[PDB]
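Below: input.cif (mmCIF, C-alpha atoms)
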```
data_coords
loop_
_atom_site.label_atom_id
_atom_site.label_comp_id
_atom_site.auth_asym_id
_atom_site.auth_seq_id
_atom_site.Cartn_x
_atom_site.Cartn_y
_atom_site.Cartn_z
CA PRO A 1 166.72 80.65 94.37
CA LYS A 2 163.47 78.71 94.06
CA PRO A 3 161.89 77.02 91.00
CA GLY A 4 159.44 78.97 88.86
CA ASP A 5 160.31 82.06 90.88
CA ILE A 6 160.47 85.67 89.70
CA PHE A 7 163.32 88.09 90.38
CA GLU A 8 164.79 91.23 88.82
CA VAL A 9 168.50 91.64 88.08
CA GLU A 10 170.25 94.88 87.13
CA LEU A 11 173.45 94.61 85.10
CA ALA A 12 175.71 97.34 83.70
CA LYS A 13 176.85 96.94 80.10
CA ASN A 14 180.56 96.29 79.55
CA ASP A 15 181.19 95.07 76.00
CA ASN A 16 178.28 96.98 74.47
CA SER A 17 176.16 93.86 74.95
CA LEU A 18 174.16 92.25 77.76
CA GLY A 19 176.23 89.13 77.13
CA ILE A 20 173.62 86.39 76.87
CA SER A 21 173.08 83.73 74.21
CA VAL A 22 169.36 83.00 73.89
CA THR A 23 167.72 80.58 71.46
CA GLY A 24 164.25 79.32 70.60
CA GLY A 25 162.22 80.74 67.73
CA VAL A 26 158.57 81.71 67.31
CA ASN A 27 155.85 81.57 69.96
CA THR A 28 152.06 81.28 70.17
CA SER A 29 151.50 82.89 73.57
CA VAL A 30 152.21 79.62 75.39
CA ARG A 31 155.35 80.39 77.39
CA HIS A 32 155.70 83.47 79.59
CA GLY A 33 159.30 84.39 78.84
CA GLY A 34 159.13 82.51 75.56
CA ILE A 35 162.91 82.20 75.68
CA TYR A 36 165.65 79.92 77.02
CA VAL A 37 169.40 80.51 77.19
CA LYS A 38 170.99 77.45 75.58
CA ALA A 39 174.53 78.84 75.57
CA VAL A 40 176.56 81.73 76.98
CA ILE A 41 178.77 84.35 75.34
CA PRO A 42 181.99 84.54 77.40
CA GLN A 43 183.06 87.89 75.95
CA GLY A 44 181.46 90.74 77.87
CA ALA A 45 178.98 90.97 80.74
CA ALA A 46 178.72 87.22 81.29
CA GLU A 47 181.96 85.27 81.68
CA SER A 48 183.81 87.94 83.66
CA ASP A 49 180.88 90.01 84.91
CA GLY A 50 179.26 86.74 85.93
CA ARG A 51 175.90 86.91 87.69
CA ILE A 52 174.15 85.42 84.66
CA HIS A 53 174.40 81.67 84.10
CA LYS A 54 172.88 78.86 82.02
CA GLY A 55 169.43 77.51 82.84
CA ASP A 56 167.69 80.83 83.43
CA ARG A 57 165.29 82.56 81.04
CA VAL A 58 164.69 86.19 80.08
CA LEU A 59 161.06 87.30 80.35
CA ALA A 60 160.97 91.08 80.74
CA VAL A 61 163.78 92.89 78.93
CA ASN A 62 163.54 96.52 80.04
CA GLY A 63 159.76 96.62 79.79
CA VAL A 64 159.83 94.35 76.75
CA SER A 65 157.20 91.65 77.27
CA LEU A 66 158.62 88.46 75.75
CA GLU A 67 155.17 86.85 75.69
CA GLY A 68 155.46 86.14 71.97
CA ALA A 69 158.66 87.93 70.99
CA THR A 70 160.60 86.33 68.14
CA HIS A 71 164.10 84.89 68.61
CA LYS A 72 165.52 87.77 66.56
CA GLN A 73 163.32 90.24 68.44
CA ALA A 74 164.57 89.01 71.82
CA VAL A 75 168.29 88.69 71.08
CA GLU A 76 168.44 92.03 69.26
CA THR A 77 166.59 93.44 72.27
CA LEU A 78 169.10 92.01 74.73
CA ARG A 79 171.97 93.77 72.96
CA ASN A 80 170.09 96.95 72.06
CA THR A 81 169.82 98.04 75.70
CA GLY A 82 170.71 101.17 77.64
CA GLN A 83 173.35 101.93 80.25
CA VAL A 84 171.45 99.61 82.59
CA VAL A 85 169.66 96.34 81.86
CA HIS A 86 166.97 95.85 84.51
CA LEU A 87 165.41 92.74 82.97
CA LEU A 88 163.47 90.06 84.86
CA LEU A 89 164.43 86.40 84.45
CA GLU A 90 162.94 83.10 85.62
CA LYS A 91 164.59 79.97 86.99
CA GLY A 92 164.01 77.61 84.08
CA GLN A 93 162.81 74.10 84.89
CA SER A 94 165.21 72.06 82.76
CA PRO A 95 164.13 68.62 84.03
CA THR A 96 166.35 66.66 81.65
#
```

Any chance you could give the structure as structure tokens?
Amino acid sequence: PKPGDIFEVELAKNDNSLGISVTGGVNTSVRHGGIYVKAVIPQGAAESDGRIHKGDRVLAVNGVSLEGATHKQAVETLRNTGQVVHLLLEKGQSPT
């Protein structure tokens, strides 16, 4: 994977949750995804299912533009998904 690159990833629910711990807060249309996974929830489609790791960022959650989505709006959106979660993420920079 390359930096600042775009790619779609389809994952099938397992524990009734996408299995991704995202944090941040409000946004003023400054960051595309406007989100950044600080931690992971090893209890569903993450630890075992794998695929998803720390450092990435969720931008499009099933046609849900995260341009200025609120922390609660994003998270709740990550869990409130369908049988399939075809969301697009982005290789976060994370310089430090």

Quick one: residues within 10 Å of residue 80 of chain A, all atoms listed in the file, excluding same-chain residues fewer than 6 positions away - as a PDB file with C-alpha atoms, in the frame of the given file?
```
ATOM      1  CA  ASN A  16     178.280  96.980  74.470  1.00  0.00           C
ATOM      2  CA  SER A  17     176.160  93.860  74.950  1.00  0.00           C
ATOM      3  CA  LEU A  18     174.160  92.250  77.760  1.00  0.00           C
ATOM      4  CA  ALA A  74     164.570  89.010  71.820  1.00  0.00           C
TER       5      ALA A  74
END
```

Taking the file above as input, evaluate the PyMOL selection byres ((chain A and resi 39) around 8) and report the hits as a VMD selection string. chain A and resid 20 to 22 37 to 38 40 to 41 54

Distance criterion (only C-alpha atoms): nearest to residue 55 of chain A out of A:42, A:9, A:84, A:4: A:4

Between atom CA of residue 82 of chain A and atom CA of residue 31 of chain A, measure the distance and give it in Å to one decimal.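 Result for atom CA of residue 82 of chain A versus atom CA of residue 31 of chain A: 25.8 Å, one decimal.
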
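Taking atom CA of residue 15 of chain A and atom CA of residue 91 of chain A as endpoints, the distance between them is 25.0 Å.
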
Rebuild N, CA, C and O atoms on segment 46-71 of chain A, as a PDB file, keeping the file's coordinate frame?
```pdb
ATOM      1  N   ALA A  46     179.187  88.571  81.016  1.00  0.00           N
ATOM      2  CA  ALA A  46     178.720  87.220  81.290  1.00  0.00           C
ATOM      3  C   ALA A  46     179.819  86.383  81.946  1.00  0.00           C
ATOM      4  O   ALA A  46     179.729  86.037  83.123  1.00  0.00           O
ATOM      5  N   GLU A  47     180.851  86.063  81.172  1.00  0.00           N
ATOM      6  CA  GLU A  47     181.960  85.270  81.680  1.00  0.00           C
ATOM      7  C   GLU A  47     182.640  85.961  82.856  1.00  0.00           C
ATOM      8  O   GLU A  47     182.708  85.413  83.955  1.00  0.00           O
ATOM      9  N   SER A  48     183.137  87.171  82.618  1.00  0.00           N
ATOM     10  CA  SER A  48     183.810  87.940  83.660  1.00  0.00           C
ATOM     11  C   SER A  48     182.800  88.545  84.626  1.00  0.00           C
ATOM     12  O   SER A  48     182.834  88.274  85.827  1.00  0.00           O
ATOM     13  N   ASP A  49     181.901  89.367  84.096  1.00  0.00           N
ATOM     14  CA  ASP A  49     180.880  90.010  84.910  1.00  0.00           C
ATOM     15  C   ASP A  49     180.133  88.987  85.759  1.00  0.00           C
ATOM     16  O   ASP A  49     179.723  89.277  86.882  1.00  0.00           O
ATOM     17  N   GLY A  50     179.960  87.787  85.212  1.00  0.00           N
ATOM     18  CA  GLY A  50     179.260  86.740  85.930  1.00  0.00           C
ATOM     19  C   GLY A  50     177.807  87.077  86.184  1.00  0.00           C
ATOM     20  O   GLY A  50     177.158  87.714  85.354  1.00  0.00           O
ATOM     21  N   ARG A  51     177.291  86.649  87.332  1.00  0.00           N
ATOM     22  CA  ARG A  51     175.900  86.910  87.690  1.00  0.00           C
ATOM     23  C   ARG A  51     174.957  86.032  86.872  1.00  0.00           C
ATOM     24  O   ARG A  51     174.209  85.224  87.425  1.00  0.00           O
ATOM     25  N   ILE A  52     174.997  86.196  85.554  1.00  0.00           N
ATOM     26  CA  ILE A  52     174.150  85.420  84.660  1.00  0.00           C
ATOM     27  C   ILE A  52     174.763  84.059  84.359  1.00  0.00           C
ATOM     28  O   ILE A  52     175.965  83.951  84.114  1.00  0.00           O
ATOM     29  N   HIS A  53     173.933  83.021  84.377  1.00  0.00           N
ATOM     30  CA  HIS A  53     174.400  81.670  84.100  1.00  0.00           C
ATOM     31  C   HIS A  53     173.419  80.932  83.187  1.00  0.00           C
ATOM     32  O   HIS A  53     172.409  81.493  82.763  1.00  0.00           O
ATOM     33  N   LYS A  54     173.728  79.676  82.886  1.00  0.00           N
ATOM     34  CA  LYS A  54     172.880  78.860  82.020  1.00  0.00           C
ATOM     35  C   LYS A  54     171.742  78.231  82.817  1.00  0.00           C
ATOM     36  O   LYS A  54     171.911  77.867  83.979  1.00  0.00           O
ATOM     37  N   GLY A  55     170.581  78.102  82.181  1.00  0.00           N
ATOM     38  CA  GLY A  55     169.430  77.510  82.840  1.00  0.00           C
ATOM     39  C   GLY A  55     168.313  78.509  83.062  1.00  0.00           C
ATOM     40  O   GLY A  55     167.139  78.137  83.096  1.00  0.00           O
ATOM     41  N   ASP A  56     168.675  79.778  83.213  1.00  0.00           N
ATOM     42  CA  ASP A  56     167.690  80.830  83.430  1.00  0.00           C
ATOM     43  C   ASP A  56     166.991  81.200  82.126  1.00  0.00           C
ATOM     44  O   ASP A  56     167.310  80.662  81.066  1.00  0.00           O
ATOM     45  N   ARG A  57     166.036  82.121  82.211  1.00  0.00           N
ATOM     46  CA  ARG A  57     165.290  82.560  81.040  1.00  0.00           C
ATOM     47  C   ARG A  57     164.882  84.023  81.170  1.00  0.00           C
ATOM     48  O   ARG A  57     164.433  84.462  82.228  1.00  0.00           O
ATOM     49  N   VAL A  58     165.042  84.776  80.086  1.00  0.00           N
ATOM     50  CA  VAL A  58     164.690  86.190  80.080  1.00  0.00           C
ATOM     51  C   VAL A  58     163.227  86.392  79.704  1.00  0.00           C
ATOM     52  O   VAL A  58     162.784  85.968  78.635  1.00  0.00           O
ATOM     53  N   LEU A  59     162.479  87.042  80.589  1.00  0.00           N
ATOM     54  CA  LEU A  59     161.060  87.300  80.350  1.00  0.00           C
ATOM     55  C   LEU A  59     160.828  88.767  80.005  1.00  0.00           C
ATOM     56  O   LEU A  59     160.374  89.090  78.907  1.00  0.00           O
ATOM     57  N   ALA A  60     161.141  89.650  80.947  1.00  0.00           N
ATOM     58  CA  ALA A  60     160.970  91.080  80.740  1.00  0.00           C
ATOM     59  C   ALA A  60     162.309  91.770  80.510  1.00  0.00           C
ATOM     60  O   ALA A  60     163.120  91.893  81.428  1.00  0.00           O
ATOM     61  N   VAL A  61     162.537  92.217  79.279  1.00  0.00           N
ATOM     62  CA  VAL A  61     163.780  92.890  78.930  1.00  0.00           C
ATOM     63  C   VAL A  61     163.580  94.402  78.846  1.00  0.00           C
ATOM     64  O   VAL A  61     163.320  94.946  77.773  1.00  0.00           O
ATOM     65  N   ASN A  62     163.705  95.073  79.986  1.00  0.00           N
ATOM     66  CA  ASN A  62     163.540  96.520  80.040  1.00  0.00           C
ATOM     67  C   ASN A  62     162.146  96.927  79.569  1.00  0.00           C
ATOM     68  O   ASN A  62     162.000  97.776  78.691  1.00  0.00           O
ATOM     69  N   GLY A  63     161.124  96.314  80.159  1.00  0.00           N
ATOM     70  CA  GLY A  63     159.760  96.620  79.790  1.00  0.00           C
ATOM     71  C   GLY A  63     159.374  96.035  78.444  1.00  0.00           C
ATOM     72  O   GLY A  63     158.439  96.505  77.795  1.00  0.00           O
ATOM     73  N   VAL A  64     160.098  95.001  78.025  1.00  0.00           N
ATOM     74  CA  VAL A  64     159.830  94.350  76.750  1.00  0.00           C
ATOM     75  C   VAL A  64     159.224  92.963  76.960  1.00  0.00           C
ATOM     76  O   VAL A  64     159.940  91.964  77.030  1.00  0.00           O
ATOM     77  N   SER A  65     157.900  92.912  77.061  1.00  0.00           N
ATOM     78  CA  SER A  65     157.200  91.650  77.270  1.00  0.00           C
ATOM     79  C   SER A  65     157.597  90.626  76.209  1.00  0.00           C
ATOM     80  O   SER A  65     157.379  90.833  75.014  1.00  0.00           O
ATOM     81  N   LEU A  66     158.184  89.523  76.655  1.00  0.00           N
ATOM     82  CA  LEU A  66     158.620  88.460  75.750  1.00  0.00           C
ATOM     83  C   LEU A  66     157.546  87.385  75.622  1.00  0.00           C
ATOM     84  O   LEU A  66     157.854  86.218  75.382  1.00  0.00           O
ATOM     85  N   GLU A  67     156.289  87.784  75.783  1.00  0.00           N
ATOM     86  CA  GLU A  67     155.170  86.850  75.690  1.00  0.00           C
ATOM     87  C   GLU A  67     155.234  86.065  74.378  1.00  0.00           C
ATOM     88  O   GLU A  67     155.138  84.838  74.373  1.00  0.00           O
ATOM     89  N   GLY A  68     155.392  86.783  73.270  1.00  0.00           N
ATOM     90  CA  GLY A  68     155.460  86.140  71.970  1.00  0.00           C
ATOM     91  C   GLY A  68     156.552  86.719  71.094  1.00  0.00           C
ATOM     92  O   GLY A  68     156.491  86.620  69.869  1.00  0.00           O
ATOM     93  N   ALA A  69     157.553  87.330  71.721  1.00  0.00           N
ATOM     94  CA  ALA A  69     158.660  87.930  70.990  1.00  0.00           C
ATOM     95  C   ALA A  69     159.430  86.876  70.199  1.00  0.00           C
ATOM     96  O   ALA A  69     159.632  85.756  70.670  1.00  0.00           O
ATOM     97  N   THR A  70     159.859  87.241  68.995  1.00  0.00           N
ATOM     98  CA  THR A  70     160.600  86.330  68.140  1.00  0.00           C
ATOM     99  C   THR A  70     162.061  86.228  68.577  1.00  0.00           C
ATOM    100  O   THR A  70     162.597  87.147  69.197  1.00  0.00           O
ATOM    101  N   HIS A  71     162.699  85.108  68.250  1.00  0.00           N
ATOM    102  CA  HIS A  71     164.100  84.890  68.610  1.00  0.00           C
ATOM    103  C   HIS A  71     164.945  86.107  68.250  1.00  0.00           C
ATOM    104  O   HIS A  71     165.741  86.582  69.060  1.00  0.00           O
TER     105      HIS A  71
END
```
